[PDB]
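Trainee: Let me give you the complex in parts, starting here:
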Amino acid sequence: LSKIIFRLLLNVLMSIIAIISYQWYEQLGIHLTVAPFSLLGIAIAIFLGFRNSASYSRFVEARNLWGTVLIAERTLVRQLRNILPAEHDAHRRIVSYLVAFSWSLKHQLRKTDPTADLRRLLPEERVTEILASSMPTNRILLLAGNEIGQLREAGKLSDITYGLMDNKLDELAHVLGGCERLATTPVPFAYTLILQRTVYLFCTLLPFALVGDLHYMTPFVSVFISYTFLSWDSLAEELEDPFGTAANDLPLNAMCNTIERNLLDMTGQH
Amino acid sequence: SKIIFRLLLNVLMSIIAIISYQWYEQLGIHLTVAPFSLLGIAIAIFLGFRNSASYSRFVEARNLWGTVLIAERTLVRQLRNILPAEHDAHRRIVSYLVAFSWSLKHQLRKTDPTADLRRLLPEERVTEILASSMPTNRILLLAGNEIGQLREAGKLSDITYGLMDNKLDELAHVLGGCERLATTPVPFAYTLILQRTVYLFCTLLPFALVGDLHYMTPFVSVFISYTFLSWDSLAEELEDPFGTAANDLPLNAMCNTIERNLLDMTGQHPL
């Protein structure tokens, strides 16, 4: 939302009403000096800084989580190749679950229908199993767990090597919880609330308290200052929705294609 | 808002200063802005650090709770994956894990666990659990006996027992982390004196503002007091993430989620 070019423009308009209405000032007895707006301005900058910090960390964590999908699924596929080179059937099954897991997680975070993707990757019976669950993505881990478990029952994996691969499903479990946590735990609203008020009220009142000092250069300076606060406030906005579909949000489709392309590269009998 | 009170209180004090500004020279009282710029910026800097510290507590607490869901999900998965047919154990262990969550929430909210416990476990167990001064720990220990017995009975190997044992440790770390964020507050000086300071600063501020703003002073002073006081109380809220304030953690919702997860479809699983 580029209300930035709206507020920038609404700012010019506030400068102009300030310039012309500057007379009726002492009649009334209303004075605005810079100094107390420097105090508030500074306080707001500090609080914006700390807040944007949190915003940024949340977005970084969203990237890291998704990064771990790629890492853990890569490594699970590696272990399967290196430990069971012969077993391409199991290879293909486990891969399709891992790929399904990624897509499913994207769908869940975007609240979209994973049915088509699941159906492209899995047999109908497995899809039914997945979609029947109140927690589909988590049920994909269970099914992948079951493949690993069969290999174990059949003696193709020992307890040790079964365990090496289980750890990978643990990591994917940490991704899934993390994303869920992030999705339902925003940076607290109070922050963005408080700050949105103060930053808007501030950019509004500002040309009024600059007009005393600047006369005609009010608009050009009040705009430059306001853009600075709003640019910085809006970087938070652009970082607060990691899973969304906006241009600034995570390109989750491409990340899913990357994951799928990677797992497919590591298979094919080679 | 206890804030709306003190915001209005700041408007009264701000009128007082508009009426007093002539009588300044009579009484002998000059008051420039610049010392209040100095003081205000210091307080802002300290409010920044304090707030950041509070948020960290919030975020750790949120995370420790996230681990409950993860760890419990992976323990159930492992039991389903390794002992697919052992539904009686599945059911027993899941109820301990669910008891674990609720018990932890009660522990931290200082409320009575009994209703939630009885809902989930047989009564002998509820008394074994309520008998301990550490009920959450006792639930963990009981959950441990379940996997221990599967091992004694040769149903788990040492390896596979260990994979599950790891998950109980993960929950032990949550229990410990949560107890540390609960019993251990951030010292009472931090809040006690910082609140004094922010308020004292806010009331005096217009006295120093008049000379410059004259009439506009009640406005531009309430705006400043909002900013400082908003920030201070939010910090105070977030410091106690298991409290029942608006910006604290939805502990009830989070246990509902955990429960719905483990018990999803009468606990039925494929293969």
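Mentor: Noted; the coordinates are in hand. Residues are numbered from 1 along each chain as shown, chains lettered A, B, ... in the order given.
Trainee: what about the residue of the stretch 151-270 of chain A found nearest chain B, how many neighbours?
Mentor: Nearest residue of the stretch 151-270 of chain A to chain B (CB to the nearest CB) works out as residue A:159 at 3.4 Å. C-beta: built from backbone N, CA, C; applies to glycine. Residues within reach of residue A:159, counting by other CB atoms under 10 Å in any protein chain shown, total 17.
Trainee: wait, what's in contact with it?
Mentor: A:152, B:157, B:159-160 (CB atoms under 8 Å, 6 or more residues apart in numbering or on different chains).
Trainee: Out of these, list just those in strands.
Mentor: Assignment to strands by DSSP state E places none of the contacts of residue A:159 there.
Trainee: Show me what from the stretch 151-270 of chain A comes close to chain B.
Mentor: Within reach of chain B by CB under 8 Å from any CB of the partner chain, the stretch 151-270 of chain A has these residues: A:152, A:158-160, A:162-163, A:166, A:169-170, A:173-174, A:176-178, A:180-181, A:185, A:188-191, A:194, A:197-198, A:201-202, A:205.
Trainee: Just give the nearest non-adjacent residue to residue A:139, would you?
Mentor: residue A:133 (4.0 Å; CB to CB, 6 or more residues apart in numbering or on different chains).
Trainee: Hmm, residue A:143 and that neighbour touching each other?
Mentor: No: using CB atoms under 8 Å, residue A:133 is not in contact with residue A:143, being 10.1 Å away.
Trainee: So between those two, which is more surrounded?
Mentor: Neighbours were counted for residue A:133 and for residue A:143 using other CB under 10 Å; residue A:143 has more, 22 against 18.
Trainee: Give me the residues contacting stretch A:251-269.
Mentor: A:66, A:69-70, A:73-74, A:77-78, A:81, A:88, A:91-92, A:95, A:98-99, A:102-103, A:106, A:109-110, A:243.
Trainee: likewise stretch A:176-195?
Mentor: A:44, A:47-48, A:51, A:54-55, A:58, A:61-62, A:65-66, A:105, A:108-109, A:137-138, A:141, A:233, A:236, A:240, A:242-243, B:58, B:62-63, B:66-67, B:69-70, B:73, B:227, B:230-231, B:234, B:237-238, B:246-247.
Trainee: Same question for stretch A:12-28.
Mentor: Taking CB under 8 Å, 6+ apart as the rule, stretch A:12-28 contacts A:31, A:204, A:206-208, A:210-212, A:215-216, A:218-219, A:222-223, B:215.
Trainee: one more, chain C:
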Amino acid sequence: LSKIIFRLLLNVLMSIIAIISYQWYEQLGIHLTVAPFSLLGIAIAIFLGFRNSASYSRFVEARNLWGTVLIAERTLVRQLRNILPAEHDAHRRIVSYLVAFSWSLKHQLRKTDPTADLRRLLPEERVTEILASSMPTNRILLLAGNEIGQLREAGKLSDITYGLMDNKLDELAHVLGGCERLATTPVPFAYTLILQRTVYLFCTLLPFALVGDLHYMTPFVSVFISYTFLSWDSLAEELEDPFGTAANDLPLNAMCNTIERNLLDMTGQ
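Mentor: Below, chain C sits with the chains from the block before:
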């Protein structure tokens, strides 16, 4: 007498000295404005802010270190119960080592005498061994490990299950190193050196600069600015020795109590 008040009262005095002496300023050739004191005050506030941040983090780390003791001991005893439910002989021995470890750790950090706490807990053949070492706490860990080792040699623990319990001793190992590191490595004394000087001198010289602008108001404002600064500075100092005996420091006594009661509860004592 309480130091902070003394420094406040020494500041109300510094202020009067400044009101009375403002007359002589013109004469003696001393002009003092607020603006440079702003620059300095802010600078000091910034550095005070980051400094306090470090002190808090040190306090938090100590807290976490102690939290690990309770976690790792609980899970060790839990494992002992879950893996060897019959072997209460070993349970009791190991639990007493774990309880000794905490008290030993506590006393070590307080630079006090473990003898009573250890005598309350262990046999004399062991207490003297432990006190014979310049590293008692590490020695208790070595002994807890013997227990776990014996159970392994006796075939009661497999290599694997031994392994599971070994990790928990490692975790206690890290707590010991951490606490020792915090006890012996201070927040560089330079932090308290530069900041105590600077903050005191600043609060002192400040009324001399406020008087120009504030006159008889000087005391009120200057004491305020001083309380803010000194309050923040002293908070850093209290947070910095987390292992101290102040009421503002960690209640190590209560924590070791919680630990002991906890492991006893788990063994049915």
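Trainee: Please re-evaluate the neighbour count of residue A:159 in the presence of chain C.
Mentor: Counted with other CB under 10 Å, residue A:159 comes out at 18.
Trainee: what's the neighbour count on residue A:249?
Mentor: Around residue A:249 there are 17 residues (other CB under 10 Å).
Trainee: so what's the backbone phi/psi at it?
Mentor: phi -90, psi 180 (degrees, to the nearest 10).
Trainee: Which residue does the stretch 1-150 of chain A have closest to chain C?
Mentor: residue A:42 (9.2 Å).
Trainee: for that residue, what are its contacts?
Mentor: So residue A:42 contacts B:41, B:44 (CB under 8 Å, 6+ apart).
Trainee: Then the one 3 residues further on?
Mentor: Contact partners of residue A:45, counting by CB under 8 Å, 6+ apart, are A:229, A:232.
Trainee: where do the helices sit along the stretch 51-200 of chain A?
Mentor: Assigned by DSSP state H, counting those that start in this stretch, the helices in the stretch 51-200 of chain A fall at A:88-110, A:115-121, A:124-132, A:136-153, A:159-184, A:189-214.
Trainee: Turn the ones you listed into CSV, columns for distance to chain C.
Mentor: Listed next are the helices of the stretch 51-200 of chain A as CSV, based on distance: least, CB to the nearest CB, whole Å:
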stretch, distance to chain C
helix A:88-110, 26
helix A:115-121, 37
helix A:124-132, 33
helix A:136-153, 17
helix A:159-184, 9
helix A:189-214, 17
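Trainee: What is the burial count for residue A:235?
Mentor: Residue A:235, neighbours per other CB under 10 Å, totals 15.
Trainee: Number of residues surrounding the nearest residue in space to it that is not next to it in sequence?
Mentor: Among residues not flanking residue A:235 along the chain, residue A:52 sits closest, at 6.0 Å (CB to CB, 6+ apart). Residues lying near residue A:52 (other CB under 10 Å) number 19.
Trainee: swap in residue A:80?
Mentor: Residue A:80, neighbours per other CB under 10 Å, totals 26.
Trainee: Could you do residue A:240 as well?
Mentor: With other CB under 10 Å as criterion, residue A:240 counts 18.
Trainee: Give me the phi and psi for it.
Mentor: phi -90, psi -10.
Trainee: was I right about residue A:59 contacting residue A:244?
Mentor: No: in this structure, residue A:59 is not within contact of residue A:244 by CB under 8 Å, at 11.1 Å.
Trainee: So these two - more neighbours on which side?
Mentor: residue A:59 (20 against 13).
Trainee: then add chain D to what we have above:
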Amino acid sequence: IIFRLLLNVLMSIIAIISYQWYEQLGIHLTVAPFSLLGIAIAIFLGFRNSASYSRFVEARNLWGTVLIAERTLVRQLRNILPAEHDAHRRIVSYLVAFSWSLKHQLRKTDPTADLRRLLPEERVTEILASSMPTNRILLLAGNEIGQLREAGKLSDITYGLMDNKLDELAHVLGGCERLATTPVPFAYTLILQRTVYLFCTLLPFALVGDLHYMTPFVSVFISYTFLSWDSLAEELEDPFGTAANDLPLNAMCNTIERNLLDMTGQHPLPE
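Mentor: Adding chain D to the chains above:
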């Protein structure tokens, strides 16, 4: 940078010889407003430079891990299979291939020469076919370890100890990829840069009122401070970007090669 210092001096000299015309027209520039702007920018640069620094440090840590993992893997190979020098040499090849290949991948440069020197041409073709060559190298390292296991020279346990090390390299590969196909601040980084750029150009105009002829000196000093801090952030933000200092990455890949040749007695020269 030096271009923007010279432009700042030019803008200063303009500010001086035009101070007359403009301030008479009713267009004024005080210092207090630009002091508010500049402090806020400074605050933002501070927070920004912190995010930057920490991406730089994360890059150091990831590359640190390569050094650590690769050393410990080769150590394990020697301690567990002292006799299997052919395997030692193959595995060391892939490990060193991995480093160089990662470096090439991050710096968008050609890995071919490094691969051709280290590996058989079959392997190089396979690696070069893949859209993920670095990952492929790890996969090849994996087969080496996997074969020693299949041949019964490694047990599942000791296989596992080495498998850990490969996972560590997987974490590095991905972390680095994430640090490259960055950033996270989606080119706001150009906004703040222009904000600083503009602030520094308007600055002499806001200053000349108070400084007159001293303007260019005090304006350039301030500009230098702001522009430097901004430049530092830009450097730090982008550890793998096209203008990055390649000395340390090259030093690291050289160190690991040297260390591993040392560990497998390929150094020193025989007598």
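Trainee: what do you get for the neighbour count of residue A:235 once chain D is counted?
Mentor: 23.
Trainee: And it, how far from chain D?
Mentor: 5 Å (CB to the nearest CB, to the nearest Å).
Trainee: What of residue A:131?
Mentor: From residue A:131 over to chain D (counting by CB to the nearest CB), the distance is 30 Å.
Trainee: Am I right that that residue is in contact with residue A:115?
Mentor: Yes: look at residue A:131 against residue A:115 with CB under 8 Å: they come within range, at 6.7 Å.
Trainee: Tell me which of the two has more neighbours.
Mentor: Taking other CB under 10 Å, residue A:131 and residue A:115 do not tie; residue A:131 has more neighbours (15 against 12).
Trainee: Can you name the residues that contact the more buried one?
Mentor: A:114-115, A:118.
Trainee: let's see it at 7 Å
Mentor: residue A:115 (CB atoms under 7 Å, 6 or more residues apart in numbering or on different chains).
Trainee: before we move on, what about the one 3 residues further on?
Mentor: By CB under 7 Å, 6+ apart, the contact list for residue A:134 reads B:260, B:264.
Trainee: same question, residue A:66
Mentor: Contacts of residue A:66 (CB under 7 Å, 6+ apart): A:250, A:255.
Trainee: what's the answer for residue A:63, then?
Mentor: A:250, D:178, D:184.
Trainee: If we use 10 Å, what do you get?
Mentor: A:242, A:250, A:255, D:178-179, D:182, D:184 (CB atoms under 10 Å, 6 or more residues apart in numbering or on different chains).
Trainee: Can you pick out the most distant pair from these?
Mentor: With CB to CB as the measure, no two of these lie farther apart than A:242 and D:179, at 16.8 Å.
Trainee: gap between the two ends of stretch A:25-45?
Mentor: End-to-end distance of stretch A:25-45 (CA to CA, to the nearest Å): 29 Å.
Trainee: what about stretch A:23-34, near chain D?
Mentor: Yes: Stretch A:23-34 reaches chain D (CB under 10 Å from any CB of the partner chain) through A:33-34.
Trainee: how long is that stretch end to end?
Mentor: 18 Å.
Trainee: And stretch A:262-270, by the same measure?
Mentor: 13 Å.
Trainee: Which residue is it, in chain A, that comes closest to chain D?
Mentor: residue A:82 (3.4 Å).
Trainee: Could you find the closest non-adjacent residue to that residue?
Mentor: residue D:146 (3.4 Å).
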